[PDB]
Amino acid sequence: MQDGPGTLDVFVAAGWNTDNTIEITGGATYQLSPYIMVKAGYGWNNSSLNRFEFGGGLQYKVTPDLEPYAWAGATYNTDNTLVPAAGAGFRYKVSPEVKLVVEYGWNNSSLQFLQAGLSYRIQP
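Residues numbered from 1 in each chain as written, not as in the entry; some residues may be left out. Heavy atoms only, no water.

- This deposited entry lists solution NMR as its structure determination method.

### Some details on the overall build of the protein
Next up, step 1: Along the protein, the regular secondary structure elements total zero helices and eight strands.
Next up, step 2: Its helices and strands in sequence order give the protein the pattern β-β-β-β-β-β-β-β, from N to C terminus.
Next up, step 3: Taken over C-alpha atoms, the radius of gyration comes to 15 Å for the protein, in line with the 14 Å a tight globule of 124 residues would show.
Next up, step 4: For the protein, the spread of C-alpha atoms along the three principal axes comes to 45 × 25 × 25 Å.
Next up, step 5: Accessible surface for the protein amounts to roughly 8,600 Å². Of this, 65% is attributable to carbon and sulfur atoms.
Next up, step 6: Distance between charge centroids for the protein: 7 Å, based on 7 positive and 10 negative side chains. (Helix = DSSP H or I, 4+ residues; strand = E, 2+ residues; numbered from the N terminus. Rg over C-alpha atoms; globule rule 2.2 N^0.38 Å. Areas by Shrake-Rupley, 256 points an atom, 1.4 Å probe, with all protein chains shown as cover. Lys, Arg positive; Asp, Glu negative; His and termini not counted. Charge placed at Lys NZ, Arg CZ, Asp CG, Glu CD.)

### Notes on the sheet that holds strand 7 (residues 99-106)
Next up, step 1: The strand order around the closed barrel formed by eight strands is 1-2-3-4-5-6-7-8, and the pairing between neighbours is antiparallel. Neighbour-to-neighbour, the strand axes of this sheet turn through a mean angle of 25°, independent of strand direction.
Next up, step 2: Direction of pairing for strand 3 (residues 36-44) relative to strand 4 (residues 51-58): antiparallel, over a ladder of eight bridges. Bridge pairing links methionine 37 to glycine 57 in strand 4. (Pairing = 2+ DSSP bridges. Axes fitted to C-alpha atoms, helices over the stretch in contact; angles between N-to-C directions.)

### Structural notes on the side chain of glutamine 59
Next up, step 1: Position of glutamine 59 relative to the elements: it lies in the loop between strand 4 and strand 5 (67-77).
Next up, step 2: In this structure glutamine 59 comes out as buried when scored by relative accessible area, which is 18%.
Next up, step 3: A polar atom in the side chain of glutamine 59 sits 3.0 Å from the backbone oxygen of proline 34.
Next up, step 4: Beyond its immediate stretch of four places on either side in the chain, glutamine 59 contacts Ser33, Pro34, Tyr35, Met37, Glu67 and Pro68. (Buried < 20%, exposed > 50% of the residue type's maximum accessible area, 1.4 Å probe, protein only. Polar contact = N/O pair within 3.5 Å; in protein donor to acceptor, adjacent residues only side chain to side chain. Contact = heavy atoms within 4.5 Å.)

### Topic: the environment of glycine 117
Next up, step 1: In this fold, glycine 117 is placed in strand 8 (residues 113-121).
Next up, step 2: Judged by its relative accessible area of 11%, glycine 117 falls in the buried class.
Next up, step 3: Note: C-alpha distance between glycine 117 and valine 12 (105 residues apart in sequence) is 5.5 Å.

### A short note on unusual backbone geometry
Next up, step 1: A positive phi angle, near 45°, is found at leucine 49, a position not held by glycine.
Next up, step 2: Mapped onto the elements of the fold, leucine 49 is located in the loop between strand 3 and strand 4.
Next up, step 3: The exposure class assigned to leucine 49 is partly exposed, which follows from its relative accessible area of 44%.
Next up, step 4: The phi torsion at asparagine 80 lies on the positive side, around 50°, for a residue other than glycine.
Next up, step 5: Structurally, the position occupied by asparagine 80 is in the loop between strand 5 and strand 6 (81-93).

### Re a nonpolar patch on the surface
Next up, step 1: Nonpolar side chains collect at one region of the surface, where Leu66, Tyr92, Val94, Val98, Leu100 and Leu118 lie side by side and expose about 490 Å² of accessible area between them.
Next up, step 2: Among the secondary structure elements, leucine 118 is positioned in strand 8.
Next up, step 3: Judged by its relative accessible area of 44%, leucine 118 falls in the partly exposed class. (Patch = residues over 30% accessible without salt bridge, like charges linked within 9 Å, V, L, I, M, F, W, Y side chains within 5 Å. Salt bridge = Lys/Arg side-chain N within 4 Å of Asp/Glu carboxyl O.)

Written out as structure tokens, the structure reads:
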């Protein structure tokens, strides 16, 4: 036994908005427990400024790896600006060391963007 809380994982996520624009989003997450999860990364459309995402994920125990995914938090831009929002997705297992994720971000009267990517664990 060694792989205890504080596990680090790498995952990428690239999506686009109805506005017809592509945005890249990647980073890492901290695994403290199977209950709540932490997510921190940054994304932008290659054009000055940036967008820092800060919040947590949500998972459930049903199968070796199959449960809905929920993320909540706000986007802190270098412009000392924050934009609270939320989204929902699903966590499906593909390969032994590869997992698929699909979630969309939305909040109040606004457009909804779709995101698709994968995740990979660095430690056991």
